[PDB]
Amino acid sequence: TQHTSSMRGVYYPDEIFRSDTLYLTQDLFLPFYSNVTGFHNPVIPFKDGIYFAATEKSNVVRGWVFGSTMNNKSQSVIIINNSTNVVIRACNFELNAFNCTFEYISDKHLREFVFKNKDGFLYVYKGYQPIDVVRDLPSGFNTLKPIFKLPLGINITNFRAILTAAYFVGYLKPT
Amino acid sequence: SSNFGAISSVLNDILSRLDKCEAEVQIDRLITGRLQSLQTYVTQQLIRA
Amino acid sequence: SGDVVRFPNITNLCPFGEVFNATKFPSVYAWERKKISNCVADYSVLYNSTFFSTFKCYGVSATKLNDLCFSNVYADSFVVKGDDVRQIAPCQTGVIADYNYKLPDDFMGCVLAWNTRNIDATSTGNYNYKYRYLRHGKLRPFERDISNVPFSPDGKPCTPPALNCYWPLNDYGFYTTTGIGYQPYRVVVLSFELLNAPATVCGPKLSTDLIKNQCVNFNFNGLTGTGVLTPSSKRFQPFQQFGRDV
Amino acid sequence: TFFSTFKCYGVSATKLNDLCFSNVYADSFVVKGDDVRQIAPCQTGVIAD
Amino acid sequence: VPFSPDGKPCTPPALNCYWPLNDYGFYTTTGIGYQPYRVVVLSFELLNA
Amino acid sequence: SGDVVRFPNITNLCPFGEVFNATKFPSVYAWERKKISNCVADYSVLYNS
Ligand SMILES: *[C@@H]1O[C@H](CO)[C@@H](O[C@@H]2O[C@H](CO)[C@@H](O)[C@H](O)[C@H]2NC(C)=O)[C@H](O)[C@H]1NC(C)=O
Ligand SMILES: *[C@@H]1O[C@H](CO)[C@@H](O)[C@H](O)[C@H]1NC(C)=O
Ligand SMILES: *[C@@H]1O[C@H](CO)[C@@H](O)[C@H](O)[C@H]1NC(C)=O
Ligand SMILES: *[C@@H]1O[C@H](CO)[C@@H](O)[C@H](O)[C@H]1NC(C)=O
Ligand SMILES: *[C@@H]1O[C@H](CO)[C@@H](O)[C@H](O)[C@H]1NC(C)=O
Ligand SMILES: *[C@@H]1O[C@H](CO)[C@@H](O)[C@H](O)[C@H]1NC(C)=O
Ligand SMILES: *[C@@H]1O[C@H](CO)[C@@H](O)[C@H](O)[C@H]1NC(C)=O
């Protein structure tokens, strides 16, 4: 069931500090009042970057898997949250783990994310909002702060959420 | 705040990381642009006067 | 009339003994990336041990790497042969640039490569380092593809016993009796940023006390300038190093 | 004598037959193979330092 | 003169005292990068003289 | 939004076998000239040889 994303998902297009200005930029953004696809776990495509919104009340969704073929012939990164701390691992998983490089251990509601893969870096931006009880993506405007960039040098063309609510996926276009 | 095709618009950023052999062509693109901007201002002021 | 040089409290030397002197570099198709942080990048302790055949820097100048101060540095290490060192550059094509290791067009960093025939070459042959020569399409910048599936030109799976089915990795065969054109070379690619974030790794410059209300030449984390210095009442962000104007 | 490196700065090597100089100084030394690249203006290394 | 990083005279029997001159070791069975090269650098002036 | 690529009806591969792999090339003073026509210049089949 398709919904709309009204003035939603505006992140920081670069890492240059600038204040008290007006910046006119051409970049990969989620266009205003665009379609979003709502799921109430298929292998969703990852065209140029995604906006992933999760409207949850009891922490159903936790983490993602990104890959090329979702096999053990290709690198795949998991970003999960096993109820204590967030782990990030890029290995040849069997969607055990072998031939692998990166590892990182770090120690109703709406949680909205932007994933963007460019120049061998996976940028993850995160934003939070205290939603009320609905069955739709609410209107509003919430900017998204940059949480972390990962030096994972892989192609990401598919992704898949990891569950234990609903979640909405929208694709980024050059605007 | 424009760079006119140089690496940056800040003159103290070109001189901080480029030697005296490579920074000659980068500075000489800022000087030409700032000169022609000043000349455009003076021509507009002359007609207004 | 004056000089003011201010650098952070960093005293450790960068691991020149673990990135340049290692028992085996990875192959070019599985190049390894390592982060370098919180040290003093000297580049002058290598004059006695490691002699560089190629040392070329893009976006900076090599003479200015002592008074410039970086945010974070990444080192990508691998092994190529002698005449493939010319393809470790921006804006380049070939077999290494297409299918193995591609640098961005707007690269800012330093490419440095040196000859190792004493340790990477054996009299009977060192058939360990491999490169990929068959692939469906080129590579996006700063990516790797360590898969080893068989290749077929039509685009369907096959068994390499059959016909028109090839393994996509060739072996570099290094000997001790061959010219530089087919002699082993170790390559390290360093990527800098120079952002507004606080600095982690930078070079050996001695610090000087602050001189105020005088026309001085200052140097704050590699920001050369000229002007008088006064105490300020401005309010910065916790991560900000400088501010600008319209 | 066959030259492995012959590079001219400020002039052009094709124009050294119809060009006439005032005084010429020759500095001579011996380096190894991969240190010939450090005999250039605006260069660093151990030979140039 | 012998070299010491602190900036004081020393005798190279002792510690942190070095002779600041390495020898080029040239052989007939080494690659182009570690073979001897002779360099001549010519300086022109082109004045009104 | 769209891609249109149009190329002529050419399918032969250029003689990379007869140009780069010959039993003898001429000397530099008697260099040889050859015309190449009506083929597809791949440049990517030479990565193996
Ligand atoms: C990342 O993986 C995808 C899928 O494996 C690659 O897409 C392939 O691109 C080639 C290019 O001609 C096509 O022939 C294939 O059909 C594509 N795969 C599929 C399943 O359609 C993509 O190229 C990879 N990324 C990079 C940078 O190479
Ligand atoms: C969602 O997509 C449909 C196309 O099936 C389009 O007609 C509709 O206008 C889109 N929604 C919005 C809010 O524009
Ligand atoms: C994982 O790799 C092994 C090794 O080839 C293979 O036998 C197995 O089928 C792979 N797993 C899956 C789920 O295909
Ligand atoms: C979550 O995963 C990390 C990584 O292995 C582990 O150290 C930690 O104990 C795990 N937490 C739980 C609650 O399983
Ligand atoms: C991947 O695993 C195989 C298993 O045999 C090994 O031979 C190969 O070297 C590994 N490659 C990398 C890049 O780890
Ligand atoms: C330089 O290298 C030589 C040869 O290994 C060694 O004897 C000498 O101690 C080194 N000097 C320094 C200062 O490292
Ligand atoms: C590449 O060269 C090797 C060595 O001669 C040969 O065995 C192989 O068949 C060649 N592959 C192709 C696709 O020509």
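Described below are features of the structure shown in this document.

Cut-offs and rules
- Residues numbered from 1 in each chain as written, not as in the entry; some residues may be left out.
- Chains lettered and ligands numbered in written order.
- Part of a larger assembly, values for the part shown.
- Heavy atoms only, no water.
- Helix = DSSP H or I, 4+ residues; strand = E, 2+ residues; numbered from the N terminus.
- Rg over C-alpha atoms; globule rule 2.2 N^0.38 Å.
- Buried < 20%, exposed > 50% of the residue type's maximum accessible area, 1.4 Å probe, protein only.
- Areas by Shrake-Rupley, 256 points an atom, 1.4 Å probe, with all protein chains shown as cover.
- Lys, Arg positive; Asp, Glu negative; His and termini not counted.
- Charge placed at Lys NZ, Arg CZ, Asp CG, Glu CD.
- Contact = heavy atoms within 4.5 Å.
- Buried area = accessible area lost by both parts, 1.4 Å probe.
- Salt bridge = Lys/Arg side-chain N within 4 Å of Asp/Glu carboxyl O.
- Nonpolar A, V, L, I, M, F, W, Y, C, P; charged D, E, K, R; others polar.
- Pairing = 2+ DSSP bridges.
- Axes fitted to C-alpha atoms, helices over the stretch in contact; angles between N-to-C directions.
- Near = heavy atom within 4 Å.
- Polar contact = N/O pair within 3.5 Å; in protein donor to acceptor, adjacent residues only side chain to side chain.
- Disulfide = S-S within 2.5 Å.

**Some points on the overall build of chain A**
Here is step 1 of the chain: Looking only at helices and strands, chain A features zero helices and 15 strands.
Here is step 2 of the chain: Here chain A has a C-alpha radius of gyration of 16 Å; the compact-globule value for 175 residues is 16 Å, and the two agree.
Here is step 3 of the chain: Across the 175 residues that make up chain A, the buried fraction comes to 45%.
Here is step 4 of the chain: Counting every atom, chain A has about 9,400 Å² of accessible surface; 52% of that belongs to carbon and sulfur.
Here is step 5 of the chain: Of the charged side chains in chain A, 17 are positive and 13 negative, and the gap between their average positions amounts to 6 Å.

**A closer look at the interface of chain D and chain E**
Many authors give the size of an interface as the accessible area that is lost as the parts come together.
Here is step 1 of the chain: In this complex, chain D contributes 22 residues to the contact, which on the side of chain E involves 19 residues.
Here is step 2 of the chain: Regarding the contact of chain D and chain E, the summed buried area is about 1,700 Å², with carbon and sulfur atoms giving 64% of it.
Here is step 3 of the chain: The largest share of the area that chain D buries against chain E comes from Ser22(D), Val30(D) and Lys32(D), three residues that together contribute 25% of it.
Here is step 4 of the chain: The tally of links between chain D and chain E comes to zero salt bridges.
Here is step 5 of the chain: Class assignment of the residues belonging to the side of chain D that touches chain E gives a composition of 13 nonpolar, five polar and four charged.
Here is step 6 of the chain: Summarising the sheet, strand 1 (residues 25–31) of chain D and strand 1 (residues 37–43) of chain E pair through seven bridges and their orientation is antiparallel. In the strand pairing of strand 1 of chain E, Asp27(D) is matched with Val41(E).

**Side note on the pattern of salt bridges**
Here is step 1 of the chain: As enumerated under the stated definition, the model contains 13 salt bridges over all chains in all.
Here is step 2 of the chain: With a closest N to O distance of 3.6 Å, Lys149(A) and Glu193(C) form a salt bridge. Of the two residues, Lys149(A) is situated in strand 12 (residues 145–150) and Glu193(C) in the loop between strand 8 (185–191) and strand 9 (217–220); the pairing between them involves two chains.
Here is step 3 of the chain: Given the relative accessible area of 25%, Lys149(A) is considered partly exposed.
Here is step 4 of the chain: Between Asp35(D) and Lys32(D) there is a salt bridge, with the nearest N and O atoms lying 3.1 Å from each other.
Here is step 5 of the chain: Among the charged side chains, a salt-bridge network with shared partners connects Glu15(A), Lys149(A) and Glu193(C).

**Some remarks on the sheet that holds strand 3 (residues 54–58) of chain C**
Residue and element names in this part refer to chain C.
Here is step 1 of the chain: Taken together, five strands build an open sheet; the order of strands is 2-4-8-5-3 and the sheet is antiparallel. Looking at the sheet topology across the chains shown, the edges are occupied by strand 2 (32–36) and strand 3. Averaged over all pairs of adjacent strands, the angle between their axes in this sheet comes to 15°, without regard to strand direction.
Here is step 2 of the chain: Where strand 4 (residues 73–80) meets strand 8, seven bridges bridge the pair, whose relative direction is antiparallel. Residue pairing for strand 8: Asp76 is matched across the bridge by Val189.

**Re the environment of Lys34(F)**
Residue and element names in this part refer to chain F.
Here is step 1 of the chain: Mapped onto the secondary structure, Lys34 falls in the segment after helix 1 (16–20).
Here is step 2 of the chain: Judged by relative accessible area, which is 54%, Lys34 ranks as exposed.
Here is step 3 of the chain: Linking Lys34 and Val19, residues 15 residues apart in sequence, is a C-alpha distance of 9.1 Å.
Here is step 4 of the chain: Look past the residues within four positions of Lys34 in its chain and what remains in contact with it is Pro15 and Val19.

**Topic: the site of ligand 7**
Here is step 1 of the chain: In the vicinity of ligand 7, the residues found are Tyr133(C), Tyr166(C) and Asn48(F).
Here is step 2 of the chain: Proximal residues around ligand 7 fall on chains C and F, making this an inter-chain site.
Here is step 3 of the chain: Within the side chain of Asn48(F), one N or O atom sits 2.4 Å away from an oxygen atom of ligand 7.

**Quick look at the interface of chain C and chain D**
Here is step 1 of the chain: Facing seven residues of chain C, the contacting portion of chain D comprises nine residues.
Here is step 2 of the chain: Roughly 640 Å² is buried in total at the junction of chain C and chain D, and carbon and sulfur atoms are behind 56% of that figure.
Here is step 3 of the chain: In this assembly, chain C and chain D are joined by zero salt bridges.
Here is step 4 of the chain: Summed over the shared surface of chain C and chain D, the result is three residue pairs in polar contact.
Here is step 5 of the chain: When grouped by side-chain class, the residues that make up the side of chain C that touches chain D number five nonpolar, two polar and no charged.

**Comments concerning the environment of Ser53(C)**
Here is step 1 of the chain: Mapped onto the secondary structure, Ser53(C) falls in the loop between strand 2 and strand 3.
Here is step 2 of the chain: The contact partners of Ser53(C), leaving out residues within four places of it in the chain, are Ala113(C), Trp114(C), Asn115(C), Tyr185(C), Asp34(D) and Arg37(D).

**A few points about the arrangement of the chains**
Here is step 1 of the chain: Here the protein chains form seven pairs of chains in contact, of which the pair with the most contacts is chains D and E.
Here is step 2 of the chain: Across all C-alpha pairs, the smallest distance from chain A to chain F is 11 Å, and the two are not in contact.
Here is step 3 of the chain: Kept free of each other, chain D and chain F leave a smallest C-alpha distance of 16 Å between them.

**Digging into the state of the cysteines**
Here is step 1 of the chain: Throughout the structure, instances matching the rule amount to eight disulfides over all chains.
Here is step 2 of the chain: Each sulfur of the disulfide joining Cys21(B) and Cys42(D) lies 2.0 Å from the other. Measuring handedness by torsion sign, the sulfur bridge of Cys21(B) and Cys42(D) sits at about 75° and is right-handed. Here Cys42(D) lies in the segment after strand 1 and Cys21(B) lies in the loop between helix 1 (11–17) and helix 2 (23–48), a pairing that spans two chains.

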